[PDB]
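Encoded as structure tokens, the following chain is the form deposited in one PDB entry, with no partner shown.
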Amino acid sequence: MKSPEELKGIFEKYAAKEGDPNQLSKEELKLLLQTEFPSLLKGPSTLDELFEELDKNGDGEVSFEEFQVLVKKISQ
């Protein structure tokens, strides 16, 4: 639906809103999902669960590398 460069630009716009300008906090992931990919939230997982899954290193932030796990969902 979007090229990888276009997806990075959406990530970047939401990641710069608070805290780490290059990573997403849970609130930033919520804003991105609600605005751009709303079907991702009416799924089996809650936002807390999705955040916990994406955040592999457990640092409370989702990097662009971590965010890649969502692209199959988004693309398909």
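Residue numbers run from 1 along the displayed sequence. Only the largest set of C-alpha atoms that superpose within 1.5 Å between the two forms is called the rigid core.
Omitted from view is the form deposited in another entry, to which the following refers.
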property	result
Yes/no, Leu50 Cα shift of 2 Å or more between the shown form and the other one with rigid core fixed	yes
Closer or farther in the other entry: C-alpha pair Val71, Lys30 (3 angstroms or more)	closer
Sense of the change in Cα distance from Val71 to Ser25 in the other entry - at least 3 Å versus the shown form	closer
